[PDB]
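Engineer: Read top to bottom, the protein sequences are chains A and B. FYI, in the authors' numbering the residues of the first sequence are 0 to 348. FYI, in the authors' numbering the residues of the second sequence are 0 to 157, 162 to 348.
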Amino acid sequence: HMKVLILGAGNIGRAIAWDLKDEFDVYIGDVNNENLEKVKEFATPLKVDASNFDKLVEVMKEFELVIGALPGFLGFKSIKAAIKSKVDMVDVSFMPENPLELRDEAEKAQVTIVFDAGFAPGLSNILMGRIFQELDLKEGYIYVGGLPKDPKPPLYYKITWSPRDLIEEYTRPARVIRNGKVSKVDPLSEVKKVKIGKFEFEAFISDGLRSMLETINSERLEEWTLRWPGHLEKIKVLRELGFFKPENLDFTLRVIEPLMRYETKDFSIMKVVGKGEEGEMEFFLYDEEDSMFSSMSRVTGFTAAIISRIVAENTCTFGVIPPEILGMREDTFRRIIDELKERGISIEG
Amino acid sequence: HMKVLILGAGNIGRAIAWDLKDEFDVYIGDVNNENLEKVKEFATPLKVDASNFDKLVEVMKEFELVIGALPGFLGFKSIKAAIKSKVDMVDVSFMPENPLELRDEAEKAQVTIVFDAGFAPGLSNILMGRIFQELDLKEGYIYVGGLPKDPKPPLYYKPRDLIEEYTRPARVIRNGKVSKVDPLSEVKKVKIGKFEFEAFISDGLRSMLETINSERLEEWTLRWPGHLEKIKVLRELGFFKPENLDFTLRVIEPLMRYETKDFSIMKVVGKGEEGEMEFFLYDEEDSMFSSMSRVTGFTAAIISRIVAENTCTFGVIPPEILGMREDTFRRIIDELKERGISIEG
Ligand SMILES: NC(=O)c1ccc[n+]([C@@H]2O[C@H](COP(=O)([O-])OP(=O)(O)OC[C@H]3O[C@@H](n4cnc5c(N)ncnc54)[C@H](O)[C@@H]3O)[C@@H](O)[C@H]2O)c1
Ligand SMILES: NC(=O)c1ccc[n+]([C@@H]2O[C@H](COP(=O)([O-])OP(=O)(O)OC[C@H]3O[C@@H](n4cnc5c(N)ncnc54)[C@H](O)[C@@H]3O)[C@@H](O)[C@H]2O)c1
Numbered sequence: 000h001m002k003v004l005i006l007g008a009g010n011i012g013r014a015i016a017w018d019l020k021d022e023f024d025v026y027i028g029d030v031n032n033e034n035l036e037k038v039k040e041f042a043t044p045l046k047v048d049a050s051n052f053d054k055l056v057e058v059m060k061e062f063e064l065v066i067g068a069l070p071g072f073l074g075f076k077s078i079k080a081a082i083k084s085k086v087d088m089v090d091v092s093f094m095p096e097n098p099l100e101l102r103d104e105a106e107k108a109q110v111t112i113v114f115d116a117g118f119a120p121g122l123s124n125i126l127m128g129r130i131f132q133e134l135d136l137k138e139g140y141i142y143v144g145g146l147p148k149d150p151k152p153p154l155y156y157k158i159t160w161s162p163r164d165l166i167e168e169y170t171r172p173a174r175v176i177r178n179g180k181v182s183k184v185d186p187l188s189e190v191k192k193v194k195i196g197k198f199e200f201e202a203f204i205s206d207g208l209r210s211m212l213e214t215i216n217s218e219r220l221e222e223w224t225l226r227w228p229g230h231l232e233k234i235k236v237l238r239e240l241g242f243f244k245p246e247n248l249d250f251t252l253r254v255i256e257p258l259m260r261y262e263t264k265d266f267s268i269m270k271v272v273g274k275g276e277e278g279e280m281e282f283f284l285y286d287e288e289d290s291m292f293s294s295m296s297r298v299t300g301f302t303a304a305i306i307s308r309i310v311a312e313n314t315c316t317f318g319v320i321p322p323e324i325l326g327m328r329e330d331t332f333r334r335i336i337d338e339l340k341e342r343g344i345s346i347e348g
Numbered sequence: 000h001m002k003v004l005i006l007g008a009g010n011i012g013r014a015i016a017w018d019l020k021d022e023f024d025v026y027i028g029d030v031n032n033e034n035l036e037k038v039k040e041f042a043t044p045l046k047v048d049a050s051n052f053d054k055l056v057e058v059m060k061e062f063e064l065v066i067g068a069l070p071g072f073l074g075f076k077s078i079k080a081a082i083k084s085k086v087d088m089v090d091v092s093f094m095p096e097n098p099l100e101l102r103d104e105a106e107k108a109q110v111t112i113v114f115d116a117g118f119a120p121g122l123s124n125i126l127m128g129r130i131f132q133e134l135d136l137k138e139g140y141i142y143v144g145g146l147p148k149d150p151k152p153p154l155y156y157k162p163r164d165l166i167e168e169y170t171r172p173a174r175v176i177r178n179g180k181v182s183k184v185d186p187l188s189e190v191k192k193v194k195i196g197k198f199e200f201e202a203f204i205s206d207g208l209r210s211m212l213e214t215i216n217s218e219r220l221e222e223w224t225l226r227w228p229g230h231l232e233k234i235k236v237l238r239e240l241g242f243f244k245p246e247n248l249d250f251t252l253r254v255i256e257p258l259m260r261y262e263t264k265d266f267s268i269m270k271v272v273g274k275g276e277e278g279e280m281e282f283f284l285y286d287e288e289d290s291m292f293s294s295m296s297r298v299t300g301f302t303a304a305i306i307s308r309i310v311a312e313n314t315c316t317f318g319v320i321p322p323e324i325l326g327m328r329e330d331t332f333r334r335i336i337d338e339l340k341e342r343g344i345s346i347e348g
């Protein structure tokens with residue numbers, strides 16, 4: 000079993016570790032011990048600060064694969080480290096910067112990096128890429144949400160993944176492709192009711208499309224994030240009052256985060272729609288928290304691990320590769336769907 | 000000629016001194032030199048710490064009237080000090096405690112204390128008092144606001164005392180009894196004149212709760228639209244909890260701090276077995292004083308004159324009593340008019 004290093008022992012990172020524990024000798028580095036304590040049984044913990052770049056690259060030379068599960072602010076650097084250190088990487092962090100900026104350096108260094116390998120982006124992109132190949136795509140829609148099974152006031156949401164990254168969904172523009180071009184909207188500004196199966200949600204346009212903006216050529220492309228009602232209106236007022244400004248964000252989170260940390264199971268819901276000249280395609284996912292992990296962890300984490308296997312297998316070329324590429328080729332797409340099913344994540348359509 | 004002592008050179012304390020400046024020999028005491036400085040041209044400042052009861056009574060002994068313009072936490076003590084000093088006092092501090100508590104002591108001391116002598120409570124009490132006598136009153140309504148003439152987003156208003168209104172229970176009279184309600188539970192839309200407002204129940208009735216024998220009594224405080232919906236959310240999420248409050252203010256104080264002109268408005272309505280009575284007033288900021296300062300400070304100043312004139316009896320008198328008397332009520336109304344404050348009805 001080859002050596003693998005996962006950066007970050009957060010909820011996502013721990014799930015990736017669990018999934019890969021018997022196929023690789025996995026090492027997971029984090030800066031927080033309490034989190035590392037959680038993983039000693041299945042991975043070998045390392046005290047690592049991804050913050051320190053020259054130091055990080057040194058740790059990297061030992062391994063043949065790195066998987067990134069850091070907070071978003073730290074991701075671009077880790078990618079940089081991997082490339083300098085010449086190790087293949089699969090990254091899940093919700094980084095603000097664009098990984099494709101690093102494409103040349105990656106190609107030259109002959110390593111392959113797959114970024115945004117989570118639930119959405121990630122599996123989200125992969126399904127779209129598939130639709131993109133199978134259809135002469137005109138319009139694409141993604142509806143996605145990680146939600147609490149039993150929502151509760153006052154915020155009706157359960158925190159399952161990094162909150163700093165989460166607030167960003169509300170705080171910056173969301174881009175879409177309208178009339179064939181990229182366009183920006185205020186996410187908070189247009190919220191609508193959508194019903195999917197039994198559920199009634201409020202949906203807002205979000206900035207999850209990411210690489211798909213350049214990658215998927217269609218007239219219309221939008222991703223909508225799903226929420227229980229009552230959540231967004233409250234968030235909007237906070238934003239309006241400046242509570243999300245960087246100066247106060249830490250303080251505001253301290254207040255609100257506890258409200259969103261109550262006991263409930265969580266679920267994952269995704270719907271992907273593709274419209275073409277002759278036909279439409281629709282994919283659907285519903286997942287729930289298992290005994291060990293939240294759905295968000297399962298879906299984001301297992302998807303990354305599955306992708307990691309694909310990379311370790313040498314399937315892919317050098318450079319920085321968007322996750323939707325994986326969708327576009329049949330062998331890779333099918334494998335992903337199959338592995339997901341193995342793990343109880345059933346994607347339909 | 001008559002020597003008068005004002006406790007606190009704050010906005011209100013300052014307005015009052017200004018009003019009485021020609022008529023009385025007015026001295027004003029504070030711990031804060033900056034405020035003391037603002038007032039030295041029309042009154043004589045003194046350094047007095049209201050915290051010190053024994054020192055307070057000693058200073059008071061030199062005066063024939065004391066006017067209280069302190070913070071609420073110091074108010075009850077000031078009244079006590081005046082009683083011991085045997086000096087009449089008019090108090091405008093928004094103290095938590097009930098002054099009526101000191102009623103026997105004041106009576107024994109042969110002094111007159113009028114309390115809650117401001118705009119609301121105060122003038123509002125006086126107007127309602129008129130109505131209580133004139134009408135067989137069953138329902139009484141008071142609407143009051145101190146607002147920016149020009150409101151800016153997101154708050155639409157221009162600190163702790165303000166939040167406290169959102170936070171604490173308010174008392175009303177329902178079915179002839181006192182009940183406590185959440186101030187934010189019943190937000191309402193009301194229009195007065197050319198004005199569209201949002202209102203919430205407030206805790207201003209106070210003395211009137213015992214004093215006005217009525218089936219329904221409520222005080223509603225007015226806000227420009229779009230302010231309280233935001234306020235409710237912040238409370239809901241815990242931003243108003245005491246541990247978090249300091250930071251919350253830091254975030255939201257600035258929003259409500261912008262250049263504009265304030266104004267004061269009041270509408271008092273009384274409903275009776277036969278007939279309805281109603282009063283209204285609108286005031287604006289001026290060259291020297293905000294509207295709030297003018298309406299509050301003047302009313303207190305006017306009341307002081309009445310007290311200094313030996314109109315009243317011994318003891319602790321709720322302001323509504325001044326309303327209940329025709330002579331007193333007229334004088335107040337008339338004096339207000341001279342100062343540019345017109346009340347109609
Ligand atoms: N594509 C998607 O669906 C999706 C979904 C969920 C999470 N994510 C992304 O996955 C990344 C992590 O996910 P999470 O929710 O597990 O994050 P988390 O915030 O739960 O934990 C982040 C982990 O990184 C560790 N860490 C922070 N700075 C570090 C440092 N200097 N050195 C070593 N460790 C450090 C933290 O200690 C923590 O253990 C985030 O970028 C998140 O945005 C993406
Ligand atoms: N009924 C109403 O409409 C109404 C309206 C406005 C104010 N008020 C009440 O009037 C009181 C003062 O009103 P303001 O708005 O002028 O107050 P403000 O807070 O502007 O100033 C209070 C003044 O009290 C002085 N002071 C504080 N502690 C002192 C101490 N230990 N010794 C000497 N002085 C001290 C301060 O130094 C300041 O000068 C407060 O109880 C307020 O609640 C009532």
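For each residue, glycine too, the CB sits at the ideal point set by N, CA and C.
Where are the beta strand (DSSP E) runs, 3 residues long or more, that stay fully inside the region 206-250 of chain A, in chain order?
Structural biologist: Taking only runs of at least 3 residues, the beta strand (DSSP E) segments lying wholly in the region 206-250 of chain A are 219-226.
Engineer: So does the region 84-97 of chain A actually touch the region 172-192 of chain A, counting three or more Cβ pairs closer than 8 Å?
Structural biologist: no
Engineer: Looking at the strands, I want to know which residues DSSP matches up with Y285 of chain A.
Structural biologist: Answer is A:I268, bridged to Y285 of chain A.
Engineer: Report yes if the C-beta of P186 of chain B is less than 8 Å from at least one heavy atom of ligand 1; otherwise report no.
Structural biologist: No, Cβ of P186 of chain B sits at least 8 Å from all heavy atoms of ligand 1.
Engineer: Please determine whether the Cβ atom of residue 158 of chain B lies at a distance below 8 Å from any heavy atom of ligand 2.
Structural biologist: The model of chain B omits the segment between 157 and 162, and residue 158 of chain B is among the residues lacking coordinates.
Engineer: Which residues mark the beginning and the end of the beta strand (DSSP E) in which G145 of chain B is found?
Structural biologist: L136 to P147
Engineer: Between which residues of its own chain and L165 of chain B is the CB-CB distance below 8 Å, once the five residues before and five after are set aside?
Structural biologist: none
Engineer: If you draw a straight line from the C-alpha of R238 of chain A to the C-alpha of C315 of chain A, how long is it?
Structural biologist: 42 Å
Engineer: Taking all protein chains shown into account, decide if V30 of chain B is buried (16 or more other Cβ within 10 angstroms of its Cβ) or exposed.
Structural biologist: exposed
Engineer: Whose CA, out of A:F131, A:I306, A:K20 and A:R13, lies closest to the CA of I215 of chain A?
Structural biologist: Taking only the C-alpha atoms, the option nearest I215 of chain A is A:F131.
Engineer: How far does the alpha helix (DSSP H) with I344 of chain B in it reach, from first residue to last?
Structural biologist: Neither: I344 of chain B is in no alpha helix (DSSP H) and is coded neither H nor E.
Engineer: Run through chain B and tell me which residues come within less than 7 Å of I255 of chain A, C-beta to C-beta.
Structural biologist: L240
Engineer: Would you kindly work out how many angstroms separate the C-alpha atoms of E221 of chain B and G241 of chain A, rounded to a whole number?
Structural biologist: 35 Å
Engineer: Below 8 Å on the Cβ atoms is my guess for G318 of chain B versus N124 of chain B; work out the distance and round it to an integer in Å.
Structural biologist: Not confirmed; about 17 Å, so no contact.
Engineer: Buried or exposed: where does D330 of chain B fall if 16 or more other Cβ atoms within 10 Å of its Cβ makes it buried?
Structural biologist: exposed
Engineer: Specify the secondary structure class of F41 of chain B as computed by DSSP and reduced to three states.
Structural biologist: coil
Engineer: With 7 Å as the C-beta to C-beta threshold (strictly closer), list the residues of the region 132-159 of chain A near chain B in chain order.
Structural biologist: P153
Engineer: Classify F301 of chain B as helix, strand or coil using the three-state DSSP reduction.
Structural biologist: helix
Engineer: Could you check whether the Cβ of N216 of chain B sits closer than 8 Å to any heavy atom belonging to ligand 2?
Structural biologist: no
Engineer: So who's on the other strand from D164 of chain A, going by DSSP bridges?
Structural biologist: The secondary-structure analysis by DSSP pairs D164 of chain A with nothing; it has no beta-bridge partner.
Engineer: Can you list, in chain order, the residues of its chain whose CB lies under 6 Å from that of residue 158 of chain B, leaving out five sequence neighbours each side?
Structural biologist: Here residue 158 of chain B is not present, the numbering of chain B passing from 157 to 162 in one jump.
Engineer: Take the Cβ of residue 353 of chain B as the centre, count every other Cβ of all protein chains shown within 10 Å, and call the residue buried at 16 or more, exposed below.
Structural biologist: Residue numbering for chain B in the displayed model covers 0 to 348; residue 353 of chain B lies beyond these limits and cannot be assessed.
Engineer: Run through chain A and tell me which residues come within less than 7 Å of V236 of chain B, C-beta to C-beta.
Structural biologist: Those within 7 Å of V236 of chain B in chain A are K233 and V236.
Engineer: Could you list which residues in chain B have their beta carbon closer than 9 Å to that of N247 of chain A, in chain order?
Structural biologist: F250, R253 and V254
Engineer: Any Cβ of chain B within less than 9 Å of the Cβ of residue 362 of chain A?
Structural biologist: Outside the modelled stretch of chain A, which goes from 0 to 348, sits residue 362 of chain A, for which no answer is possible.
Engineer: What is the residue span of the alpha helix (DSSP H) that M127 of chain A lies within?
Structural biologist: Run containing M127 of chain A: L122 to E133, per the alpha helix (DSSP H) assignment.
Engineer: Would you mind telling me which residues of chain B sit closer than 7 Å to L225 of chain A, beta carbon to beta carbon, in chain order?
Structural biologist: Residues of chain B whose Cβ lies closer than 7 Å to the Cβ of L225 of chain A do not exist; the shortest such Cβ separation is about 21 Å.
Engineer: Can you name, in chain order, every residue of its own chain whose Cβ lies under 7 Å from the Cβ of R174 of chain A, other than the five neighbours on each side?
Structural biologist: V181, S182, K183, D206, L208 and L212
Engineer: Counting only beta-carbon separations shorter than 9 Å, does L212 of chain A have a partner in chain B?
Structural biologist: no
Engineer: Can the beta-carbon of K137 of chain B be found less than 9 Å from the beta-carbon of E104 of chain B?
Structural biologist: no
Engineer: Beta carbon of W223 of chain B, beta carbon of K191 of chain B: below 9 Å?
Structural biologist: yes
Engineer: Closer than 7 Å by C-beta to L126 of chain B: which residues in its own chain qualify, once you throw out the five before and the five after it? Chain order, please.
Structural biologist: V271, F282 and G326
Engineer: Would you report the Cα separation of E189 of chain B and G145 of chain B, rounded to the nearest angstrom?
Structural biologist: 20 Å
Engineer: Rounding to the nearest angstrom, what Cα-Cα distance links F118 of chain B and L154 of chain A in this structure?
Structural biologist: 40 Å
Engineer: Please state the DSSP three-state secondary structure of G71 of chain A.
Structural biologist: Helix.
Engineer: Going along chain B in order, which residues have a C-beta closer than 8 Å to the C-beta of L258 of chain A?
Structural biologist: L240 and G241
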